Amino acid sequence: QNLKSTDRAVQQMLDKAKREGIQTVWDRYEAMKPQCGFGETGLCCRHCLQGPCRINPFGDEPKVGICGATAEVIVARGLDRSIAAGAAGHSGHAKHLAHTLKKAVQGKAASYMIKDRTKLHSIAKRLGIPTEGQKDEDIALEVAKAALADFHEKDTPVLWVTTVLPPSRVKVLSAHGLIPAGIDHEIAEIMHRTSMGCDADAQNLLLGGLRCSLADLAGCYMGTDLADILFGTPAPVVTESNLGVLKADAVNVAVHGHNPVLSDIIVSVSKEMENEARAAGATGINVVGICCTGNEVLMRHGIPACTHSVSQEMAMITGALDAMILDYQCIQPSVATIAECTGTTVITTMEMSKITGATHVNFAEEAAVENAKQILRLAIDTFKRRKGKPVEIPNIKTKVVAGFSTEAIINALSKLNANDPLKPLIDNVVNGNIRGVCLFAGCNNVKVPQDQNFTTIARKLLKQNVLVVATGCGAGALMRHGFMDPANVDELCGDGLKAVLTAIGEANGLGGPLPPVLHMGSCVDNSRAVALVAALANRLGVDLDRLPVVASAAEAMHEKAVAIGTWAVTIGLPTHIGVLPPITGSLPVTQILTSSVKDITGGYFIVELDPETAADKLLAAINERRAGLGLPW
């Protein structure tokens, strides 16, 4: 099973699924092989009913689409639609939160409130909204109005782009026409320009893609900002991860999907119901996280993470998962079928994300607590049906220190330099104790043995003194293999990095170091990494494409991950992707994305499927940035 996942708890559940005849994502992948090489290379188009069109990567006809679309047009149009789809997910999430904040401060949803007043006022100031003499509720109404206004054209560009990057970066982007006019405007323009008989110039198409990726960045930053207002900015927390966080004698409830509007309410209402759960024979309600909504409640509340991404079905295979509470995105719809076998109650809550065979409980913010109780009573009832049944929870978990919002990182660093917190970090980049920074982001993918690329690359970079930060299921991969446990710093980190993590941790009273990898949150919380990197660029007086900072979507899957990698390139970072995106069927598109975009944004994709080679390429990119700043490397 280690060819499927490097996670031992997942391997144990794969053996249970095999002997019980429960088909998994890995079995469905095997059944799909060999996969279509036209789609794998990007040389397929179904944008009109004259299709499907395909182009042989090599050889004879077909060489061109029926309408005359070349390989470079077809590849660029498909990639642009993936970016637009990713932007539609992250910004759908953000829009949901904007509507929740508005309802809250209009008195329409009393289960929600302004929890981080400080962040509300800072966002208002950043956006140019006056706070002096204003009621918090009125400021929040104006922030929610500004959030919603960024979805459409108006007399300003998207402010969750132009106010969150330094002016010199905005200027570079504006000079190339890359600043989005409106988030949903750009998504629709992509769908228009990529439809039949429209845009048919690869560079033009890909510039539109870069712009739409910044609409995705705006949605991510907006979702982090609004979720911090509503639910609190994360601070360092200690918890655990992997399937051993399930407890046979508790009602085990996973929150899965993306939006904390849902998750966060499940967490508080579940403790409210301890006594009812005990009344049912359970010790209590054990809320656990899957995917980004799990990361949201891990970061804010220390809720333990059960699993992530490709292995999500394995939580159900234990037999102990009484409920899986879903909102949207990244939920394998197989979970509704598996539930018939495992007893789990799978519950959808959002009207635009239903799964045939799952129970639907409409969630309304206006009725959030009651809707939550309804949902948790189904969970308790499911716990009751499994009294007497043995379960197989692998007794495998790791310790996880997390909660490293950008505010938390700056506060930690301020213990070493109170009035210039970023300076101790920059000092150690300059003296070589920190070689650079790498952000691990994005998914697992069934094509890659689960977590192998994240852990292989992260081990090489940590030994070379790279400060590693992580989000989403990249953070999930690293947490489940111990990279968020400070007890593993000696094993994993180079001496320079160890010295810095230890100095910061001691100054923070820890009696030891920060963990090897800093968990910066969910995938929208890649925006926190942008805030940190923009702050470092501003403090140094250089643009982002001069910093020794890189990103790696080492096992990417979702259209959202393609959008994140594309905005990482657009804001100026060397950006590794460890699965093949469907671009290899066009050399000119590949050359743009891996080379000539350097002359546009200064960032660039590094496509590399072999993780040791990827680590070497990421180190070379870091070291090239060091050299360009005149630093030793």
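Superpose the two forms; the largest set of C-alphas matching within 1.5 Å is the rigid core. Numbers follow the displayed sequence, beginning with 1.
Greater C-alpha displacement in 5 other deposited structures of this protein (rigid core superposition, RMS over structures and residues), of 504-512 versus 392-400: 504-512.
For 258-266 versus 447-455, the mean Cα distance to the shown form in 5 other deposited structures of this protein after rigid core alignment is larger for 258-266. Checked against the record, the higher mean CA B factor of 436-444 and 153-161 lies with 153-161. Comparing the deposited coordinates for 580-588 and 604-612, the stretch with the larger average C-alpha B-factor is 580-588. Between the residues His519, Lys399, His558, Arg117, it is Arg117 that shows the highest Cα B-factor in the PDB record.
Among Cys473, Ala368, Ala71, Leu148, the highest C-alpha B-factor recorded in the PDB entry belongs to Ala368. For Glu30, the recorded CA B-factor ranks within the middle third of the chain. Only modelled residues enter the ranking. In the deposited entry, the Cα temperature factor of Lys387 places it in the highest third of its chain's modelled residues. Among the modelled residues of its chain, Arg528 has a C-alpha B-factor that falls in the lowest third according to the deposited record. In the PDB entry, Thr575 places in the lowest third of its chain by CA B-factor.
Looking at the C-alpha B-factors along this chain, the one for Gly42 belongs to the middle third.
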